[PDB]
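Coordinate analysis (summary)
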Amino acid sequence: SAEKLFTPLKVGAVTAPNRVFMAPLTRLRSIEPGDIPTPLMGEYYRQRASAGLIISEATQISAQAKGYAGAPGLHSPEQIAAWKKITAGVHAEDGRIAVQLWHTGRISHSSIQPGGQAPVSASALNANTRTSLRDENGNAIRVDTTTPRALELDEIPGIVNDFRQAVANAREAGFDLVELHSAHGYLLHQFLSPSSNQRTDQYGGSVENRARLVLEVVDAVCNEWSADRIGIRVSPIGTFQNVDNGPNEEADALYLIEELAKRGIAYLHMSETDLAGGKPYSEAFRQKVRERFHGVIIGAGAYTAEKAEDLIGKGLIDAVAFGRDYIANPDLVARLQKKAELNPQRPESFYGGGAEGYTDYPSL
Ligand SMILES: Cc1cc2nc3c(=O)[nH]c(=O)nc-3n(C[C@H](O)[C@H](O)[C@H](O)COP(=O)(O)O)c2cc1C
Ligand SMILES: C[C@]12C=CC(=O)C=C1CC[C@@H]1[C@@H]2CC[C@]2(C)C(=O)CC[C@@H]12
């Protein structure tokens, strides 16, 4: 029956009935041209509406933000209209959903950028990894990332504004909250990490400079909507998609969190490790984070229900976001509550394709 995973939690402007959240999961099944959400995607989210909180797959704040074929956007009328149906479906089932907004930065390819030009980032350094495009038959394919163009100083205000606008669109689209994707090596993290940021202006160098952009974004969206509607996901400890967190990751992470706390935002979502290995968070560190943020804290990364109960019981985190278990178990809440077995995962269909391996996993 579990001790606390199934107890309500106030998350900013809304209230989750349980602490089992669905982590943001890129599935690359949107319509192109237009990067438009689909009815199928609506069904997928609706099947998982019993989650304490649904965090959508990463969504573009602009066309320039696009880095993967099939990923949705929230910048055009068509996209807004499609998302409105998806949030309505979730609400029809009494669920809550937040839209994760990102700008992929250097984790992109020129073929899917506006005008077919090079993607942008903090510096002109290749991410040295690959992204997902679609072939002539619409099938997902891996391709090496394009070397980025360093953003000009006078272009940064435009970036902040795209985030601001997307949040405004998210509000009209019916989303309950918004989660800024400031992790996993995407644009915001590109600026935060010294390994990917070699700028010599006020957006590079010190942690204060490196964190400038993300903080300007946080202030802009808090002003556009409301601080209790804002969430942010970070992955400040370890290495992700080739972007590490610098020689003083812990101290830099604590600085960022204290700054975020000043805005009084809804929640802090901590992605502890990427899909590959990663040194685990020490309780000492969890305590330092805990005492610096006064909003909800969500833990994530290969979590087990037992680990969730342990850390929530110790009062270190408030909720847990499950990724892969949610892909395969729409009614994960009921299964964890009843201690039932889960459906096996089918990794080959995580990205692209159709209903198979998407709205395919049965509920109890
Ligand atoms: C197919 C797939 C897509 C993902 N897409 C995103 C994404 O868009 N944004 C994000 O922040 N994390 C993303 N993640 C990371 C997950 O949110 C999560 O942190 C990760 O899967 C670890 O949790 P798990 O062990 O419970 O699956 C993705 C993971 C998978 C497996
Ligand atoms: C899991 C992930 C990580 C962090 C994040 O924020 C969002 C995603 C979704 C896309 C995958 C990426 C990891 C790298 C992947 C597997 C590739 O090489 C192609 C598809 C990518």
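Residues numbered from 1 in each chain as written, not as in the entry; some residues may be left out. Chains lettered and ligands numbered in written order. Heavy atoms only, no water.

Method of structure determination, per the deposited record: X-ray crystallography was used for this entry, reaching 1.9 Å resolution.

Some words on the overall build of the protein
Of the regular secondary structure elements, the protein holds 11 helices and 14 strands. A compact globule built from 364 residues would reach a C-alpha radius of gyration of about 21 Å, and the protein, at 19 Å, matches this within 12%. Along the first, second and third principal axes, the C-alpha set of the protein runs to 55 × 50 × 35 Å. Expressed as a percentage of its 364 residues, the buried residues of the protein come to 57%. For the protein, the distance from the average position of its 37 positive side-chain charges to the average position of its 44 negative side-chain charges is 3 Å. (Helix = DSSP H or I, 4+ residues; strand = E, 2+ residues; numbered from the N terminus. Rg over C-alpha atoms; globule rule 2.2 N^0.38 Å. Buried < 20%, exposed > 50% of the residue type's maximum accessible area, 1.4 Å probe, protein only. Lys, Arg positive; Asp, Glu negative; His and termini not counted. Charge placed at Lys NZ, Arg CZ, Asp CG, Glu CD.)

Details of the UniProt feature "binding site: progesterone" (unreviewed entry) in the protein
Under the UniProt annotation, "binding site: progesterone" (unreviewed entry) lies at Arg142, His181 and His184. On the accessibility criterion, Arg142 (45% relative accessible area) is partly exposed. Excluding residues within four positions of it along the chain, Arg142 makes contact with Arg130, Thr131 and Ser132. A polar contact is formed between the side chain of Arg142 and the backbone oxygen of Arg130, at a distance of 3.2 Å. Residue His184 is classed as buried on the basis of its relative accessible area of 18%. In this structure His184 touches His189, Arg233, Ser235, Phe240, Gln241, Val243 and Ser271, once residues within four positions along its chain are discounted. (UniProt positions renumbered as here; feature names shortened; annotations may be inferred. Contact = heavy atoms within 4.5 Å. Polar contact = N/O pair within 3.5 Å; in protein donor to acceptor, adjacent residues only side chain to side chain.)

A closer look at the site of ligand 2
Taken together, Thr26, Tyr68, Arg130, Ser132, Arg142, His181, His184, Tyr186, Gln241, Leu275 and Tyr351 make up the full set of residues near ligand 2. The contact in question runs from an oxygen atom of ligand 2 to an N or O atom on the side chain of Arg142, over 2.7 Å. In isolation ligand 2 exposes 450 Å². Once the protein is present, 78% of that is buried. Here the residues of the shell around ligand 2 are counted per class, giving four nonpolar, five polar and two charged. (Near = heavy atom within 4 Å. Areas by Shrake-Rupley, 256 points an atom, 1.4 Å probe, with all protein chains shown as cover. Nonpolar A, V, L, I, M, F, W, Y, C, P; charged D, E, K, R; others polar.)

A word on the packing of aromatic side chains
Inspection of the entire model under this criterion finds nine aromatic pairs. Note on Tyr281 and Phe285: the rings are 5.1 Å apart at their centroids and 75 degrees apart in plane angle, and the pair reads as edge-to-face. For the pair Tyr281 and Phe285, one class covers both residues: buried. In this structure an aromatic cluster arises from ring pairing among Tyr44, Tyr45, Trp83, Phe175 and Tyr358. Here the basic side chain of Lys307 rests over the ring of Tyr303, its NZ or CZ set 4.4 Å away from the ring centre. (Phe/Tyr/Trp six-rings, centres within 6.5 Å; stacked < 30°, edge-to-face > 60°. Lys NZ or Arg CZ within 6 Å of the ring centre and 35° of its normal.)

A look at unusual backbone geometry
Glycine aside, the phi torsion of most residues is negative, and most peptide linkages are trans. The omega torsion across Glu32 and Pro33 is 0 degrees, close enough to zero to call that bond cis. In this fold, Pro33 is placed in the loop between β3 (20-22) and α1 (39-47). Even without a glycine there, the phi angle at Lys339 is positive, about 60 degrees. Mapped onto the secondary structure, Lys339 falls in the segment after α11 (332-338).

Remarks on the pairing of strand β12 (residues 267-271)
Both faces of the sheet carry side chains from a regular strand, because those side chains alternate between them. With five of five residues buried, β12 lies mostly within the body of the structure. Residues of β12 alternate between two faces, with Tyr267, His269 and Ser271 on one and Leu268 and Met270 on the opposite face, all of them buried. Viewed along the sheet, the connection from strand β11 (residues 230-234) through helix α7 (residues 249-262) into β12 turns out right-handed. Examined bridge by bridge, β12 and strand β13 (residues 296-300) share five bridges and lie parallel to one another. The partner of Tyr267 across the bridge, within β13, is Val296. Once the chain exits β12 it traverses helix α8 (residues 283-290) before rejoining the sheet at β13, and the crossover so formed is right-handed. (Right-handed = clockwise from strand over helix to strand, strands pointing away. Pairing = 2+ DSSP bridges.)

A word on the packing of α7 against α8
Axis separation between α7 and α8 bottoms out at 10 Å; the angle between their running directions is 25 degrees. Accordingly, the angle class assigned to the pair α7 and α8 is roughly parallel. Between α7 and α8 lies a crossing of right-handed hand. Of α8, the residues touching α7 (which contributes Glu250, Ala253, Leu254 and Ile257) are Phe285, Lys288 and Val289. A per-class count over the contact of α7 with α8 returns five nonpolar, no polar and two charged. (Axes fitted to C-alpha atoms, helices over the stretch in contact; angles between N-to-C directions. Parallel < 35°, antiparallel > 145°, perpendicular 65-115°, else oblique. Left-handed = near helix turned anticlockwise from the far one by under 90°.)

Brief notes about the pattern of salt bridges
For the structure shown, the criterion picks out 23 salt bridges. In this structure, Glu224 and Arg164 form a salt bridge, with 2.8 Å as the shortest nitrogen-oxygen distance. Remark: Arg164 occurs in helix α3 (residues 156-172) and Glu224 occurs in helix α6 (residues 212-224); sequence separation between them is 60 residues. Overall, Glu224 belongs to the partly exposed group, its relative accessible area being 26%. We note a salt bridge from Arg199 to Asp201, for which the minimum N-O separation is 2.7 Å. The pair formed by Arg199 and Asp201 is uniform in burial state, with each residue classed as buried. Through salt bridges with shared partners, a single ionic network connects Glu32, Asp35, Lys66 and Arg134. (Salt bridge = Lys/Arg side-chain N within 4 Å of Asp/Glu carboxyl O.)

Quick notes on the sheet that holds β11
Spatially, the eight strands close up into a barrel ordered β3-β4-β5-β10-β11-β12-β13-β14, and their pairing is parallel. Taking each pair of neighbouring strands and ignoring which way they run, the sheet shows an average axis angle of 25 degrees. Relative to β11, strand β10 (residues 177-182) is paired through five bridges, and the arrangement is parallel. Among the inter-strand pairings, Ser182 is bridged to a residue of β11, identified as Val234. Strands β3, β4 (53-60) and β5 (97-102) of the sheet are contacted by α1, whose axis makes an angle of about 150 degrees with β4.

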